[PDB]
Amino acid sequence: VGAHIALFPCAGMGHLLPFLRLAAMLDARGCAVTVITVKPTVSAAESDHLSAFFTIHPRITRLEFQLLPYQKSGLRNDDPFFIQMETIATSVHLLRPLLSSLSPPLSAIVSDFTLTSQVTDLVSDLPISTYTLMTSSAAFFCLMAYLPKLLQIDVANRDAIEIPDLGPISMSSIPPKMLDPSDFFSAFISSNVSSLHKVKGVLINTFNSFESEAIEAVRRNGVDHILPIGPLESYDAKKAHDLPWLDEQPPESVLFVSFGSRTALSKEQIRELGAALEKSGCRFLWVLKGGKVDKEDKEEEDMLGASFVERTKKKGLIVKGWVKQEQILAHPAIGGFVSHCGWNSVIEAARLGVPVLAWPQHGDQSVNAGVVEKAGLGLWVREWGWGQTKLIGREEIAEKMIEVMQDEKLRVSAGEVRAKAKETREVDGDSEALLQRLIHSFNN
Amino acid sequence: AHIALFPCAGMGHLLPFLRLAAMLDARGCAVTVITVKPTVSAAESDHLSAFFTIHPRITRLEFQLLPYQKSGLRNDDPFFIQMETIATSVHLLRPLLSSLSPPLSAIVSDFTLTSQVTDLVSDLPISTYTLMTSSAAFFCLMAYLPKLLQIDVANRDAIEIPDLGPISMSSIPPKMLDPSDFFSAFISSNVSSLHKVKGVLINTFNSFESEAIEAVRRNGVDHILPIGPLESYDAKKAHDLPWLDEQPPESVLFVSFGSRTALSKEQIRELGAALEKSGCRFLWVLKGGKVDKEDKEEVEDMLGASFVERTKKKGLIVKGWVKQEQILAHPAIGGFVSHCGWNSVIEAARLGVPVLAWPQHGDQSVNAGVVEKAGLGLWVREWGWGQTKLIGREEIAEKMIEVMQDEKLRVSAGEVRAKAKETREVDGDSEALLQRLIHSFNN
Amino acid sequence: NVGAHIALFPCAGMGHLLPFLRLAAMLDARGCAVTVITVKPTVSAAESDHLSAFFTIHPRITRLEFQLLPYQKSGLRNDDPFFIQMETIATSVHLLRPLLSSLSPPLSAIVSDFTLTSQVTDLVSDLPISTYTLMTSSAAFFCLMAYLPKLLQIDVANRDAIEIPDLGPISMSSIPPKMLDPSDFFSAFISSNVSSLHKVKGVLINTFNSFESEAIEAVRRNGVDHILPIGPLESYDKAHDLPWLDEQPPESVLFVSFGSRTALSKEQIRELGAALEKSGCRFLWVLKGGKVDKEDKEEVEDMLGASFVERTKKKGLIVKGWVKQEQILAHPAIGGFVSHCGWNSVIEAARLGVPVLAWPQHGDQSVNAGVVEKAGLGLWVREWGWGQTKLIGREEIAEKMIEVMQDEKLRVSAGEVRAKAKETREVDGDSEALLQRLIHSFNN
Amino acid sequence: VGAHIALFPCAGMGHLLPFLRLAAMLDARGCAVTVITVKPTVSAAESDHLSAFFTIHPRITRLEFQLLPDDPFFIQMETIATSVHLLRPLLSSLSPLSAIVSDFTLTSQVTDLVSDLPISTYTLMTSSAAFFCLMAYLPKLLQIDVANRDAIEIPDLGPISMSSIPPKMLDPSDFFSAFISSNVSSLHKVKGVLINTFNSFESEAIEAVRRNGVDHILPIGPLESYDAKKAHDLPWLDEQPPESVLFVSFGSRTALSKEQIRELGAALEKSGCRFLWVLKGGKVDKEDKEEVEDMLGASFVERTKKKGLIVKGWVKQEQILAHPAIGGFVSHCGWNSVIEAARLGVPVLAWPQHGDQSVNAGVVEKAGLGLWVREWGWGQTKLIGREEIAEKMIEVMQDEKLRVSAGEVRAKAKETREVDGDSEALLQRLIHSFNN
Ligand SMILES: O=c1ccn([C@@H]2O[C@H](COP(=O)(O)OP(=O)(O)O)[C@@H](O)[C@H]2O)c(=O)[nH]1
Ligand SMILES: O=c1ccn([C@@H]2O[C@H](COP(=O)(O)OP(=O)(O)O)[C@@H](O)[C@H]2O)c(=O)[nH]1
Ligand SMILES: O=c1ccn([C@@H]2O[C@H](COP(=O)(O)OP(=O)(O)O)[C@@H](O)[C@H]2O)c(=O)[nH]1
Ligand SMILES: O=c1ccn([C@@H]2O[C@H](COP(=O)(O)OP(=O)(O)O)[C@@H](O)[C@H]2O)c(=O)[nH]1
């Protein structure tokens, strides 16, 4: 553990967990690692996860930063993660005192994409080689990467968007917010992509077989230094879960439902899947988030209904809250996965080879579904659209759930992805060799 | 894009730059604000500290200016004297600006520092912009000063500025016409170097000064950009609000004469006599000591105990810094008395307060004219120059009464208030221009 | 109430605290009433440790302590932990204003660190309090500091050397690059503070008139007229120290220390250790190897290895951590000092007439090394340059290490320095007399 | 107390002490007074006096000008001129001056200053009416004659001999001439002029200045003491009988050589006068002076230890002179001192070392205030014998007429000091003129 490295996730479970994963991974490869967190955390969950991680890994060290107050309405409405990410920039300078005192000077720092522009000054005064880890799809990341020239190019939204060395992305996959220049979200991505130039390398949670077209497209696309790190290894946070029912079930019989760290859909729609879930007869494990964005704000299982919970009393079990998704997904009993297609959830399923039913709700998740379908890892119906854009059928959903359980071709293809994913983590694997090579390059 | 703001001395110069800087930061530019020490007035120093603690990501660049060194520019004013001191030392900042870790894309300089600042970034890759504290109408007079000085052989009536109504000779300040005085030398020296500036920022909206903004555009300053009204950085802890809450809406008349303007000893007693005689409710900010806040160490021994007792029911007299923008927003204030320094004037317009115009020194008279033109307030030209003139209680009181009860003004003033709102809106020109400007900054 | 009250305000670091603590103790002896202003938390354990300990030793002196506020963006390029705190304290100096006004026994005067003189000066003015500056470094370096605004502003020239106005030219090669770069904190702090000196009633320098007559004049003639050499500051004062020395012959031991704040290159350390072995001189070696902070330098002998220690056990002993430097130099056994030539250590060596071999690492230190050579205190090799950026071979070091121990004229010269130092301390001596003179004005 | 005023003396206690008294006098008359001072001050005493003055008068504000980089006192007067602009910020921030009273030496520099910040300005002269005219008539005189004659005449003033006149003032080349001549020209700007004199002391002198175009001269003499109270010093003063003690002070600077000074020291014991002697070591500098009383010799101290006391350094002159014990004064004859003697009615012996003083001695003679020997001349020029001095010294103690003449002079001084008298009347009037 001669080399000293830090990783600095900003906000959100999707951002936070992987970086921890990168750190544990880095520690495993003889790196000395500090993990930087900024408080107060947006969600109760983020700290809960963080606390365990440090307890679980003593060798890795916690490096908190306390946030200063801010009040800017320029950011549209009130979504806390952009606000949290924005606040982090306001207090980012507070970082400098913290880095100056590090015992063995940091060889490199790994920084979440959202604040790559603020850190840059910090990265010139203290000359730290700075790296980034991408939580999104390489195909989706390819879109952001080419966004600035594409945003400069036109004023209206066309039928299909062409990123230069990649298959054109349908506009339906793209978020509205991305398209309009005036909107801030556009501002945050554009500036940050520019800051990539300063960075020594860019790391993404995907592997070359997995996104062959995109990774190369990125290569000639102005993102030369991108390294396919993924799939990010398990956090090894053992353990906090009781699953007597899961053990009883036959291997690959049970269906797992998670819509991500945040809730994805309306109750009326939600009841529709529950009704369709009954029609399918799949044994299930369902994790439900009452609060669409914050764990702290949810004190609501009223939404599914009284009759349904008793009706599926022996068919399935549901958790209202947080459960270990990878711990559950590695179980022999789980054979199908219905996800919101956040890239971390999609990547974990590919690593464990669990067939996916893609049900993207917002953001980059629609683009990840296209990768899920292109990979052959999962089944996706593009026509479902964004959440609340259309109300998709109980009867319609049931046919798709029945296909995932009884389509053997998906199982053979899903099995291949697990083998493809495993091979890249083997000593001869490009992903393991790239991580090992990057660690070798870090200076004393 | 890194932008640096270089305000000169004075809360009139200081307040606008910080306000914009906060606006720039809100809209996402990396912002640095340049301050130098010492500062003439306590408020500027106290304010800067407050502003930075409220806005953490804005960098503070502090330089100690060289000791006052001079020859020429007859100056009897402390704030103007400090401006000369900042201007003579701006050329020593070239070494510091060259090595800044996040290099500046552009500098937004103060009008007074524009000539020295333009020379400073000549061989550096930094765009030079200037923010104008005053009104657009005054800028037309500034542009015409060389023509005004050359063909000004006769002391008669007013001079017709080329694209708008002629200004009375009484409105032009006598100091502006004397080349020896600092006010004239600085105005002339800066206008000559305005052509080396990428853009000139102004605190007026297109609705407020359509003729003045248009006249300057065709008069050689073709890069003018209206961004007004500037928005408050809304940072404040001390509350002096309580008396007002007791007051009925619109009853109170607010009197203030800016950061560094004081009345005559005969005028303070005649103004006080008028406030009693009028019978109006009022809020008085008393700045008897003079410009500097530190030396104005007196504490209401200007009027005496007898007067406070008589007026306590209808008035509160405060000596010290008051949160002007907040007071103006209050339901209670239905009148304002102003020296018509532009920043007060803009605030009156944004918050729709009827204004009673009372110039004491410099641009105030022209701005007073603008205020009258737009219906914002009533101006009495005959009163002429405060500090050169004395007005009796009878005259003052009647005007005070008249402004409070002009419903046409209250209706008229509101209309300006609406227009100021529109411009800030995304459609509205002033915000749009800044949004237009901000993109430009990215290079 | 009818008694002078003097407050001392030190900055970050052992070098800046200790001179202040020592003076505070010196003043207390001479009947002054002393208060020390301290900010928590300390950058390093040692400063914390001394303060609690120091106040135990001198109960009468008041300890006035303040909280360290968050770091601010004032545009400096500092990557150092001790400099950054210096920055952090200064931003918050204005906050003290209400408190100084309200003290039970009021302040009559205060003395500021150079770093806080510009900020400190402003607070006093609304109070009837005299202001003084106590300066950590040498007169000769001080000569440079005053020049700095003039030097930065115009010449902008990379000549071989430049000349300070009433003092001989100083080689550029012996001037740190960072002093030259305006954006950097080191240049910026020196310049802003120097400019504010006109305000201070006097500037106190820990050097004596015999030691730097030429510099003292050079500064005086340059118009910061009020200069008050007080050197050398007296130990304020048993402990769990080393008895290894008590068993060593006199003059047989060579002491190596680079101060509290200097780490060394691992290459540098390996070569330096090897050099001692060839030289064969008995030695005491202190490793501030690790970080500037004692808290984060957890490295033990993992830096030198096991074999080096056993081989050298007869020859010398190496310790990592705080050592009681004053006591060690005082010991009859120590025959030579290898020092980075920081002023506090340089002055101490002069006090005890210990021959110095000069190896300046950063900042003020090269200018300091030269005077050390000049006064006949020590041997300095110019070609070695800066410790931080250049590495010196073991053999060259060993050959030099021998020379200082073997040269006996230097031992005679160092003694000459010592006698002079003794002369000032005495009631006859100008420095003691100057301090007594200073006290009487304090007592108005 | 409405009016607000400021004083500015550049250097010497010759000017500062009078100015401060002017400052105190003005405060008494209901004026807000600000005193402007130059730093660093040339003398530790000059600095010493200022701190005391503000401390003694709480309500008098102090404003200072820090200074940017022959006689120290003259050169510094030159330096203040360099930094005069520094004044500009100070005036601008003032809580504005109804008028400023400024030192004669730097009046020329300020003329520009007065005109931009409109301030009526005045100057106060610390030299005699007879001497001021010599300065006053000097500019014409230099160009017109360019020669050396035994005596020189100022239009309505009885000619005083060259022997009195200082040599340097005579030379056109010299720095001193430029300052004096230039400044008088600047004298035109001021709305008043003040000298520490009263008409009675020099009716002839005051008139000539009125005649000679110094129409605006105002004599406000004598200036009231600004003083500390109360210190139990000089138990050696209270002990002695009235008018038994001779007090010797050659200046606010040294004036004669150790051997020349030894002759008076030997003359003092032969004279038999009891004495309090103020002996300054530094020829011109208090900080420079670091010599003990070894110029007089150990022997002198043992012999006279009961008879008289020697103070090395400074003392409060007005305080000492006012004492019953003092009956004789020996003076270098600096005007400020001479005026103090007349107001306190203490007989003087005149021994002027340098400069304006010899002319000042002449005034004392016309007055009858003291006994003077002209032949003794410029200090250190010639050696004056111990035997010769005593006869004059004894004569000062035992002359009845002198006591009478001196008694009147004190009486005359008061009448102007009182409300009816002109010096008081003008002060009242000038303040009245002062406009808020
Ligand atoms: O109950 C839950 C919900 C989510 N996750 C983890 O949350 C991470 C982030 O999910 P993703 O990136 O797919 O989407 P997000 O929640 O950020 O929208 C993934 O590692 C999931 O395994 C989990 O472990 N348990
Ligand atoms: O007691 C005061 C006086 C002034 N101001 C602020 O100072 C600003 C600038 O004043 P202006 O430019 O109107 O006049 P000036 O001070 O420049 O002569 C105004 O917006 C006021 O809000 C204030 O807050 N409190
Ligand atoms: O192990 C150590 C190291 C340093 N010092 C003392 O710390 C003071 C400050 O050191 P200096 O200024 O010489 O160097 P710096 O620590 O600032 O680099 C000196 O008195 C040293 O004797 C000490 O007592 N023990
Ligand atoms: O020991 C001394 C000597 C002088 N003076 C004062 O010196 C002032 C001015 O002295 P003068 O101008 O007459 O003499 P000079 O300064 O020219 O030598 C008078 O007010 C004296 O009271 C004093 O107070 N103490």
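The name recorded for chain D in the PDB entry is SbCGTa, from Scutellaria baicalensis. Anyone opening this PDB entry will find it titled "Crystal structure of SbCGTa in complex with UDP".

Per the PDB entry, the recorded name for chain A is SbCGTa, and the organism is Scutellaria baicalensis.

Give a description of the pattern of salt bridges that names residues and reports values.
For the salt bridge of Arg19 of chain B with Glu347 of chain B, the shortest nitrogen-to-oxygen distance reads 2.5 Å. Here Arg19 of chain B, found in helix 1 (residues 11-26), pairs with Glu347 of chain B, found in helix 14 (residues 342-351); they are 328 residues apart in sequence, far enough to count as distant. Residues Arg311 of chain C and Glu277 of chain C are paired through a salt bridge, measuring 3.0 Å at the closest nitrogen-oxygen approach. Taken together, the residues span a long stretch of sequence, with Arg311 of chain C in helix 11 (residues 306-311) and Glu277 of chain C in helix 10 (residues 266-279) at a distance of 34 residues. Members of the salt-bridge network, linked through shared partners, are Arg21, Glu326, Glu348 and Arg351 of chain A.

Go over the packing of aromatic side chains with me, naming the residues and quoting the values.
Of the aromatic side chains, those joined through ring pairs into one cluster are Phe80, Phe182, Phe183 and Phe186 of chain B. Looking at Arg260 of chain B, its charged tip hangs above the ring of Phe80 of chain B, at a distance of 5.0 Å from the centre.

Please give an account of the domain arrangement of chain D that cites residues and values.
Residue and element names in this part refer to chain D. Segmentation of chain D into domains returns domain 1 (3-225 + 412-433) and domain 2 (248-411). Counting residues at the interface gives 33 residues for domain 1 and 26 residues for domain 2. In the side of domain 1 that touches domain 2, the residues fall into 15 nonpolar, twelve polar and six charged.

Tell me about the arrangement of the chains, and name the residues and values.
Considering every one of the five pairs of chains in contact, the largest contact total is recorded for chains B and D. No interface is formed between chain A and chain D, the nearest pair of C-alpha atoms being 38 Å apart.

Tell me about the interface of chain B and chain C, and name the residues and values.
Bring the parts together and some accessible area is lost; that lost area is often taken as the interface size. Taken together, the contact pairs 14 residues of chain B with 15 residues of chain C. Of all the secondary-structure elements, those providing two or more residues to the side of chain B that touches chain C are helix 2 (42-54), strand 3 (59-64) and helix 4 (94-98) of chain B. It is strand 3 of chain B that contributes the most residues to the side of chain B that touches chain C, four residues altogether.

The rules behind each value
Residues numbered from 1 in each chain as written, not as in the entry; some residues may be left out. Chains lettered and ligands numbered in written order. Part of a larger assembly, values for the part shown. Heavy atoms only, no water. Residues with missing side-chain atoms left out of burial classes, pairs and counts. Salt bridge = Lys/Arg side-chain N within 4 Å of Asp/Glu carboxyl O. Helix = DSSP H or I, 4+ residues; strand = E, 2+ residues; numbered from the N terminus. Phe/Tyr/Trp six-rings, centres within 6.5 Å; stacked < 30°, edge-to-face > 60°. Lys NZ or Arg CZ within 6 Å of the ring centre and 35° of its normal. Domains from an automatic or database assignment. Contact = heavy atoms within 4.5 Å. Nonpolar A, V, L, I, M, F, W, Y, C, P; charged D, E, K, R; others polar.

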